[PDB]
Structure formats: C-alpha cells, structure tokens
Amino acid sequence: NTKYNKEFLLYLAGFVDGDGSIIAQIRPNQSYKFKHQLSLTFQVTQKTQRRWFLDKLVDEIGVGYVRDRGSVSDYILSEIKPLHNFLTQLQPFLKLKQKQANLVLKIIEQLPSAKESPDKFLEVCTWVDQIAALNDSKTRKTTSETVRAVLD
C-alpha cells in the first residue's frame, strides 16, 4: 500500500502509454477449478542496453522484477494486491490505457465472487475480452468464448 509521488506517476503514466502494456489473460490450466487461471500483468518493455531504467522502476515502484529476453528486457508486475495499489494511483493520469487499467482493477476487485460461480467467472472473462480489444491484440487465443467451452 505504498504511496507514490504525483510527479513520478505523471511521468510514468506517459511512459507506460508509450512503451507500457496492461495485460489480462485467460490461461488454460487443468489444476484450476474452471480449467483456467486469470492473470493480470503490468509491464514495461525496453531495449536491454537501457535495462537500468527498468531496474530503477523496481526500486521506485517497490515490487515486481526485470526479466531478460535477448535484445529487450521487461519490467514485470504480476502480484495482484500490489498491482491493484499501483494502477489505482496511476490510472488517473493514463490516456491510452486508462480503461484497460480500470478494467484490470474491476477484475481484481471481483476475483473472489468469480471463483464461486461459473457465471461470475465467465462475466469476468468478458472483462479480459475488452482489455485485449483495447490493446493492439494480434496473437490472442484463449478468450471468454473458449472458457464458454467449460459447459460440462
């Protein structure tokens, strides 16, 4: 529940609208009650020679980590509670991904009720459909419709 400096948030909001990405995914996995995991991820991609900027974010945001993948690296935050805290404070300054942010927050706020009824779970999966819609989605496979293929 760390509090972030406004100016920091202002700048980061901009940098995120540029290189950032708010992602919601439906992950097929048998070990889950409804055969799928709900996964929310905030990230920031950057050329690895500039990994330092991403490393600094780790210290500034206070959570998350940086992963390597060749010529590029990523700042990653998958932790639901800290993610909810971070986006809550970032959301008011975003402009290109403010809705995917508010959609992720709504998804988190609903997680519990969702693990209860197959319908709450599907409706939430409709939220993840909207997020992918908002982003420049191009390699998406598991949608809420595939989840609809739970009917059993």
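We number the residues from 1 along the sequence you see.
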Output the stretch having the higher mean C-alpha B factor in the entry; the candidates are 13-21 and 125-133.
125-133
Mean C-alpha B-factor higher for 111-119, or for 54-62?
111-119
Hey, what third does residue 97 fall into on Cα B-factor, ranked over its chain?
middle
CA B-factor placement of residue 49, once the chain's modelled residues are sorted into thirds
lowest
Would you check the entry's CA temperature factor for residue 31 and let me know if it's in the chain's lowest, middle or highest third?
highest
